[PDB]
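What follows is a set of notes on a single structure, which appears directly below.
Values in this text are rule-based calculations from the coordinates and carry no lab data. Neighbour counts are summed over all protein chains in view; Cβ atoms, including those assigned to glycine, are modelled from backbone coordinates with ideal geometry.
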2 protein chains.
Amino acid sequence: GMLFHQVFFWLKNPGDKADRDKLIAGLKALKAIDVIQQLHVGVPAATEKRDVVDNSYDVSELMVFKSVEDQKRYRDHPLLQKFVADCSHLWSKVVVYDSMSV
Amino acid sequence: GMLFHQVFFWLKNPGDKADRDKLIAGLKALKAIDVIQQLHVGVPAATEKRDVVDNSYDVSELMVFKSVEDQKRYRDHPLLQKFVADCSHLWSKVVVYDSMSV
């Protein structure tokens, strides 16, 4: 199975388009890291707001890795550290779900 | 952009392999619904357990749709209703994140 690295970000300034765009752009530029197999960035969809749906985050990220070792290499990659240095002031809260496919 | 439908399930009986497998199998069989573009089912990865990583769910699901209207068609599909009827007794809690890619 593959590894699905899912992150949801809540901005310090929710609804601030400039900060949101900066965060999105910063995430997308991580495509420079060759261990990332897929890189998707998103925002809440206009789906029916059901009780079980959390639409309160501002930006979502989905990366796919071949393995836990490749994800580890991403984690330790200088370009990811630069992104956190550049962009972590933008967010107040993050939730990460790392899943291995079955 | 595409629609990423992400669901995390916590089992009533966490760690019960039989229930987990039943849930996984039930999710995978939703491939019968033609509006689903991709269907991935997983469990927590053995990634480094960081404070921001929630590894407490038992089963994860990722579906991709072309549009909010296609997701709506999935939502209303009899085969999804059958899955909920068949399998909802297995889980105690669900969290859903519906993201549109940007």
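Looking at the structure I just gave you, is residue A:42 farther than 14 Å from residue B:5 by Cα and of a type in the set (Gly, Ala, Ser)? Please lay out each step first, then the result.
Values: farther than 14 Å from residue B:5 by Cα: no; of a type in the set (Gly, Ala, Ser): yes.
When the stated conditions are applied, residue A:42 does not pass them.
Going by the conditions given, is residue A:58 closer than 23 Å to residue B:57 by Cα, more than 10 Å from chain B (Cβ to nearest Cβ) and touching an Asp or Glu at 6+ places or on another chain (Cβ under 9 Å)? Talk me through it step by step, then tell me what you get.
On the way: closer than 23 Å to residue B:57 by Cα: yes; more than 10 Å from chain B (Cβ to nearest Cβ): yes; touching an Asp or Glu at 6+ places or on another chain (Cβ under 9 Å): yes.
Spelling it out, residue A:58 is indeed closer than 23 Å to residue B:57 by Cα, more than 10 Å from chain B (Cβ to nearest Cβ) and touching an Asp or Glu at 6+ places or on another chain (Cβ under 9 Å).
For the subset of segment A:61-97 comprising residues that are within 13 Å of the chain's Cα centre (by Cα) and aromatic (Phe, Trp, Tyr), which member is farthest from the other protein chains (Cβ to nearest Cβ)?
A:83
Just checking: which of the helices (runs of 4 or more DSSP H) contained wholly in chain B hold 1 or more residues that are in contact with a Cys (Cβ under 8 Å, 6 or more places away or on another chain), surrounded by fewer than 19 Cβ atoms within 10 Å (Cβ to Cβ) and in contact (Cβ under 8 Å) with a residue 12 or more places away in the chain?
On the way: elements: B:17-28, B:68-75, B:78-87.
Output list reads B:17-28.
Condition first: over 13 Å from the mean Cα position of the chain (by Cα) and of a type in the set (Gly, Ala, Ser). Now tell me which residues in segment B:1-25 satisfy that.
B:1, B:15, B:18, listed by residue number.
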